[PDB]
Amino acid sequence: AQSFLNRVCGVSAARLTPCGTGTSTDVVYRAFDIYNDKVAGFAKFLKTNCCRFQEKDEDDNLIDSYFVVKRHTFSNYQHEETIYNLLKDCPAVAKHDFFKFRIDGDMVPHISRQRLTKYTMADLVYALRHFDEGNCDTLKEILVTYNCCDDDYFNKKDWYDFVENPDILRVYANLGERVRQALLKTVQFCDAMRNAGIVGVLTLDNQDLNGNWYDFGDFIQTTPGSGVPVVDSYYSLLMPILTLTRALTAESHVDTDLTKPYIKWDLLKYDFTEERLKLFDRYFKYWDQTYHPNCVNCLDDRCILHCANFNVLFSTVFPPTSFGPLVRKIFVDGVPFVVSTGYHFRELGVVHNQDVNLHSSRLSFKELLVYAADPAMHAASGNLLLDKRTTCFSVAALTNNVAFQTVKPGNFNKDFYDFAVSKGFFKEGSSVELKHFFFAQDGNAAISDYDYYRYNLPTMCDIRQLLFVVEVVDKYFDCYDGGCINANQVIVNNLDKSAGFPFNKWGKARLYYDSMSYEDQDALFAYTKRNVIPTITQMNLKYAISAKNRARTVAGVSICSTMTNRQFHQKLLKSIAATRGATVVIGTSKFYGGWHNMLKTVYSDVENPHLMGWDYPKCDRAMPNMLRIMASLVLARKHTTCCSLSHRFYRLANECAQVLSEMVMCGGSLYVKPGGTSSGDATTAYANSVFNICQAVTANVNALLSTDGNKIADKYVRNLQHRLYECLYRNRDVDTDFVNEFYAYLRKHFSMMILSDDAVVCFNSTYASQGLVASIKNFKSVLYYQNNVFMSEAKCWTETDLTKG
Amino acid sequence: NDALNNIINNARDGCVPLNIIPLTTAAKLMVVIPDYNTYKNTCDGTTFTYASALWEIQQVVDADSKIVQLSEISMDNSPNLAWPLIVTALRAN
Amino acid sequence: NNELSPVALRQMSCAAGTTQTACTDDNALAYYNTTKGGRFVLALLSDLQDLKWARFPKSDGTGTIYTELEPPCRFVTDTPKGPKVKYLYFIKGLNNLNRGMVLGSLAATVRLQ
Amino acid sequence: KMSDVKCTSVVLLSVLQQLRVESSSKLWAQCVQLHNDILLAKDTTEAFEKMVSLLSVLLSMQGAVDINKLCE
Ligand SMILES: Nc1nc2c(ncn2[C@@H]2O[C@H](COP(=O)(O)OP(=O)(O)O)[C@@H](O)[C@H]2O)c(=O)[nH]1
Ligand SMILES: [Mg+2]
Ligand SMILES: [Zn+2]
Ligand SMILES: [Zn+2]
């Protein structure tokens with residue numbers, strides 16, 4: 001009757017109100033991370049086996065603390081009670097109460113978990129990794145319950161956007177330490193099990209948003225001191241949220257206390273190798289995979305991705321003046337230079353050049369080059385600069401006055417216009433009308449465009465899913481061949497183009513491709529497999545017709561970077577542009593029936609074909625650094641014979657130091673680039689294609705894993721989903737047979753046509769209707785949590801009639 | 001070469017981040033200020049402090065590279081200034 | 001919910017020792033995970049207190065690989081043997097999930113006190 | 001008829017630009033703003049008022065002799 005409540009709330013503040021109806025359970029729709037031989041996935045199910053009573057405060061106002069009493073088999077009763085009794089003393093275990101109540105002539109046992117919360121961490125993770133601005137009720141509720149905002153914030157519609165309303169981050173960051181507290185308690189819990197000798201798998205949906213744990217129905221016992229928690233799906237599903245909410249922001253504070261001043265690090269310190277290990281051991285103690293703070297010690301490209309993922313997170317703690325080239329005073333001809341002998345990447349840690357020498361008699365052409373290209377001598381000998389127009393970390397002002405570059409208007413071709421209106425054009429109410437012009441720009445147009453790099457935030461990636469998506473994406477690139485080429489095999493169409501800074505003072509690229517013999521070029525190339533050459537990048541405005549008055553800007557990369565990137569990549573790049581019928585359609589012309597062939601190829605044999613196309617908002621400036629690194633690592637997977645392992649790492653490091661986190665020379669001043677692609681580097685149109693395929697693949701993974709496995713009817717796709725979950729979160733090395741099988745499934749039901757971030761998809765309509773391939777909401781969610789942009793469905797098109805492509 | 005030989009010798013191994021060399025050893029600062037309100041919280045008065053040093057203002061020029069006397073950077077006189085002022089200053093001692 | 005080991009894998013008799021060719025002949029409870037891309041056995045169990053090396057001949061016979069193991073895992077079992085105080089070894093580098101499945105099958109179908 | 005306005009605004013900003021008006025940052029900012037707002041208009045009665053406001057920037061100098069160029 002009602003004595004049930006007086007029994008549930010047992011000895012502690014009986015301010016309970018039923019939520020169900022007497023003694024019957026209360027069903028809810030909540031996100032579970034479940035795997036057990038009949039279904040795997042991370043999806044919203046319907047919970048049915050819990051009566052739920054909410055505590056009220058004094059004042060008879062309702063408080064966010066519930067008593068959740070579960071009903072089950074009489075053994076699971078004693079099993080869970082044994083394990084709890086072994087585990088009760090941990091501060092991170094919600095208080096349980098096991099009792100038996102008789103409904104009729106049946107002493108049925110209940111397990112009452114006390115004072116828990118409305119939503120568990122899985123609801124937070126799901127709500128942020130499956131965002132849908134039409135249906136975000138639980139996210140609004142989580143946000144207002146913990147005083148991150150207040151419901152009138154959601155009348156500011158466009159609140160969820162990252163580009164519009166960039167204040168949303170300040171809102172999400174208010175969950176930060178809450179999340180951080182959870183992490184801490186997890187470690188405690190792990191230690192608890194490892195002492196009590198309990199073996200089990202931790203899932204995110206068994207821990208409320210205070211931090212406490214419950215649900216021991218699937219744990220077992222071993223000899224104490226030798227228990228083992230399994231925390232792969234927990235940490236890796238949670239990873240994208242640690243940088244979204246900035247969980248670790250309480251680590252730059254004097255004693256990890258948010259009410260204390262910032263730590264004032266020594267300016268000259270750059271190592272931070274012990275700090276990263278202490279952070280890893282404080283938060284990810286039981287993550288059982290070696291973490292190399294400096295990725296020089298990594299073993300392959302997958303270990304590099306793994307450890308750079310953690311560096312991405314741990315580098316948001318350390319002062320931003322400690323990244324970038326590490327200079328040093330060398331003596332050449334008895335005169336002291338300051339030159340760069342290393343680098344400190346936010347993703348790769350500290351990297352030291354191998355061939356640095358102090359007393360050199362005279363410089364060669366190659367050394368003159370690699371010293372005129374370094375930003376070291378340039379920045380060291382310029383005025384300090386505090387540019388309060390942007391938020392990007394300015395560095396120096398190589399001049400005495402800022403340069404304000406404008407854009408002119410286009411010239412009018414009056415004769416063609418008069419002729420066009422003679423033939424009866426431009427009449428009022430016609431359909432064809434002028435919309436493309438030359439928009440002029442005022443002085444502060446260059447930097448006000450560079451400032452868009454403020455849309456590039458530190459994004460941590462789901463590592464156990466990225467490590468599978470990289471295998472599938474690499475499988476998309478098996479048809480080609482690549483490797484290093486000698487200096488006499490590279491091809492440079494149009495040698496008369498600018499050579500970057502400072503080389504553009506003395507001549508175009510022709511001068512530097514003429515003055516260095518093939519042996520000089522080859523020595524320079526083989527130098528960058530043992531050393532890091534940081535370079536500068538100019539930012540240039542474009543003068544071209546367009547339909548929108550936003551200024552455009554391209555990154556003029558120095559000749560010292562292109563000259564070597566060409567030799568590293570050109571064999572593969574030209575084997576991509578010379579293949580027909582593939583997924584990447586760079587190089588395929590549209591004339592002479594190229595268009596018809598491309599479309600008939602993308603419509604390969606898909607059974608209920610629809611066509612779909614999306615759009616990446618600010619693709620080049622919002623691209624996370626982990627995905628740029630993955631793109632370059634996929635492009636460098638063809639060097640398995642030409643290059644050694646240290647050579648491949650040092651080429652990757654040169655790529656990052658030159659076209660990822662380089663020093664941009666805008667106006668007349670050196671600023672730091674936070675991340676994202678430089679649009680004028682040697683491999684942009686192909687790195688963009690790799691990134692495009694990566695996002696499409698992960699959209700498919702998310703769409704298949706987040707589906708109620710019990711409702712899938714095709715008993716092959718169910719087993720494919722089960723195997724996919726295992727291959728992500730249970731396996732640790734590649735499973736080439738299943739990689740091939742997923743790639744075949746994708747090519748069957750989700751064929752693509754990819755140019756450098758432009759894409760068409762012919763997909764099986766009746767699968768996407770059942771959530772077995774990516775729809776467009778899946779792309780929206782994926783870009784939200786893995787790209788920090790909101791993709792409005794006004795830029796994505798869909799077409800249901802194939803006879804109009 | 002005295003202000004930068006001194007910071008390098010305190011480094012444990014000789015390597016220092018580049019981003020701090022103009023910070024700790026530059027003798028001239030150039031602030032770019034978009035609007036007067038920002039000018040107030042930063043370069044106010046004939047001397048200010050930044051990067052844990054004390055700078056004294058000298059010449060102040062606007063977008064047209066013509067000199068501005070510090071008396072004109074008022075509140076209501078601001079709309080008659082080409083507004084990204086470039087305040088250059090020297091490290092004081 | 002999330003389950004440790006739906007359907008485990010099983011036993012073999014193998015050779016071990018303390019290092020190098022201290023490999024004797026047959027002497028260890030080699031708990032196998034057999035995937036058809038080569039048998040990756042997971043666990044060692046023994047009544048030899050401190051083993052550091054184990055060894056299995058390759059399927060081609062011309063090769064034979066040595067496997068280095070963790071410190072022992074003490075325990076005591078019930079059976080017609082009475083109690084059996086035995087020592088368990090995880091091949092070093094065994095990730096937490098493989099220890100999980102092994103200890104699961106152990107505490108499921110192995111008598112222990 | 002609006003297309004006539006947009007084309008002549010292009011021409012107007014070109015002639016202002018070669019009169020060295022972009023050496024007065026705020027003047028060039030206002031001219032650029034008016035020119036870009038004419039090219040984006042959609043009803044010809046606000047493009048015309050921004051056009052008179054933009055032309056006044058030329059009529060206020062003393063570089064283009066006006067009476068001689070209205071030779072009709
Ligand atoms: N046979 C059966 N088992 C159930 C049912 N509901 C829950 N269980 C088991 O009991 C456990 C309950 O898990 P969960 O829903 O996450 O409970 P919670 O985490 O404590 O809230 C799971 O391991 C289930 O296998 C049911 O309706 N039937
Ligand atoms: Mg649970
Ligand atoms: Zn590593
Ligand atoms: Zn190579």
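Residue 1 is the first one shown; counting continues down the chain.
Determined by electron microscopy, 2.8 Å, according to the entry header.
Cβ coordinates are placed from backbone N, Cα and C, and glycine is handled just like the others.
Per Swiss-Prot, the features are as follows:
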REPEAT    A:196-221  repeat 'LRR 7'
BINDING   A:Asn206, A:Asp215  Mn(2+) binding site
DOMAIN    A:263-361  domain 'Nsp12 Interface'
BINDING   A:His292, A:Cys298, A:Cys303, A:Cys307  Zn(2+) 9 binding site
REGION    A:364-578  region 'RdRp Fingers N-ter'
BINDING   A:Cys484, A:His639, A:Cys642, A:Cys643  Zn(2+) 10 binding site
REGION    A:579-617  region 'RdRp Palm N-ter'
DOMAIN    A:609-771  domain 'RdRp catalytic'
REGION    A:618-676  region 'RdRp Fingers C-ter'
Residue from A:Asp215, A:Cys298, A:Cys307 whose C-alpha is spatially nearest that of A:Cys643 (Zn(2+) 10 binding site), among the binding-site residues | A:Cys298
Quick one: of the binding-site residues A:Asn206, A:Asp215, A:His292, A:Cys307, A:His639, A:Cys642, flag those whose CB is under 6 Å from ligand 1, and say none if nothing qualifies.
-> A:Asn206, A:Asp215
Which of the binding-site residues A:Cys298, A:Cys307, A:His639, A:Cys643 have a Cβ less than 6 Å from any atom of ligand 3?
-> A:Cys298, A:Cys307
Looking at the binding-site residues A:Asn206, A:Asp215, A:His292, A:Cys298, A:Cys303, A:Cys643, which have a C-beta within less than 6 Å of some atom in ligand 4?
-> A:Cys643
Restricting the binding-site residues A:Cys298, A:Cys307, A:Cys484, A:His639, A:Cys642, A:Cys643 to those with Cβ under 6 angstroms from ligand 2 leaves none
Around the recorded Zn(2+) 10 site, report the further residues of that chain (criterion: Cβ within 8 Å of the mean position of the Cβ atoms of A:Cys484, A:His639, A:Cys642, A:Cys643; site residues excluded), sequence-ordered.
-> A:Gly483, A:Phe568, A:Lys638, A:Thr640, A:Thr641, A:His647, A:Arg648
Shell list (Zn(2+) 9; ref centroid = CB of A:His292, A:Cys298, A:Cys303, A:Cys307; cutoff 8 A) = A:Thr290, A:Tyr291, A:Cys295, A:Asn297, A:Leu299, A:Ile304, A:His306, A:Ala308
Inter-residue Cα distance where the pair is A:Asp215 (Mn(2+) binding site) and A:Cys642 (Zn(2+) 10 binding site), in Å = 53
Listed binding-site residues A:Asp215, A:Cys303, A:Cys307, A:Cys484, A:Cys642 screened against chain C; CB under 8 A survivors are A:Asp215
Please tell me which one of the binding-site residues listed here (A:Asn206, A:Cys484, A:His639) sits closest to A:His292 (Zn(2+) 9 binding site), measuring Cα to Cα?
-> A:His639
Among A:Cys298, A:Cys303, A:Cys307, A:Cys484, A:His639, i.e. the binding-site residues, the one with its Cα nearest that of A:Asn206 (Mn(2+) binding site) is A:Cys307
Cα within 10 Å of A:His639 (Zn(2+) 10 binding site) is the criterion; apply it to the binding-site residues A:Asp215, A:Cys298, A:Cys303, A:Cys307 and give the hits in sequence order.
-> none
Give the number of CB atoms, excluding that of A:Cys298 (Zn(2+) 9 binding site) itself, located within 10 Å of its CB.
-> 21
Residues satisfying Cβ distance under 8 Å from A:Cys484 (Zn(2+) 10 binding site), sequence separation of at least 6 = A:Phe525, A:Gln567, A:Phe568, A:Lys571, A:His639, A:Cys642, A:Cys643
Whole-number Å distance separating the Cα atoms of A:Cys307 (Zn(2+) 9 binding site) and A:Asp215 (Mn(2+) binding site) is 32
If you measure A:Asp215 (Mn(2+) binding site) to A:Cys298 (Zn(2+) 9 binding site) at Cα, how many Å is it?
-> 38
Can you count the other CB atoms that lie within 10 A of the CB of A:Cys307 (Zn(2+) 9 binding site)?
-> 26
Write out how many residues of the domain 'Nsp12 Interface' (A:263-361) are helix, how many strand and how many coil, based on DSSP.
-> 31 helix, 26 strand, 42 coil
What are the DSSP helix, strand and coil residue counts for the repeat 'LRR 7' (A:196-221)?
-> 4 helix, 9 strand, 13 coil
